[PDB]
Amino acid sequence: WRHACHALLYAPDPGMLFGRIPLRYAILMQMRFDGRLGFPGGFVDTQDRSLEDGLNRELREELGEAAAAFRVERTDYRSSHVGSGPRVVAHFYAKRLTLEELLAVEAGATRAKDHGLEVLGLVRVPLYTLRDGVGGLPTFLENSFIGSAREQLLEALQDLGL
């Protein structure tokens, strides 16, 4: 029928926000064209050869030529949530990159086919909670998310410690 694939792209960061709050990882979510946060990717169309073939296709389109300097494999797979109402099964993948690899995506993402149409920009995910106990991750989640993207995210943070 209609399968959709989206990727979390994550690179470990030794950097320290304010020089004391440790970042731990760079994680890329995108601001979509509906004003909801989510992940790179989307529909697997009819003449795609595999789930994963179709994903790397959408990463290129949404992220740019730099997304092509790696490939999400079957092995990067995490989950599949069935969207019942809009009859669509939605597959998730998490790809470990170098911070050099992940920065090359962000720097190239403004030349992406879909930059400034489907993809309004890329945002890193703040993992820290700030002293006030609310600024950071807790607030980041208060934002608006398309379909299961908040679950996907929280499962990814969970799965790998956090």
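Numbers for residues come from their place in the sequence shown, where the first is 1.
- Looking at mean Cα B-factors across 16-24 and 134-142, the upper value is held by 16-24.
- Stretches compared: 50-58, 117-125. Higher mean C-alpha B-factor in the entry: 50-58.
- Ranked by Cα temperature factor within the chain, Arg111 sits in the highest third according to the deposited record.
- Among the modelled residues of its chain, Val88 has a C-alpha B-factor that falls in the highest third, as given in the PDB entry.
- When the modelled residues of the chain are ordered by C-alpha B-factor, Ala156 sits in the lowest third.
- Looking at the C-alpha B-factors along this chain, the one for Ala4 belongs to the middle third.
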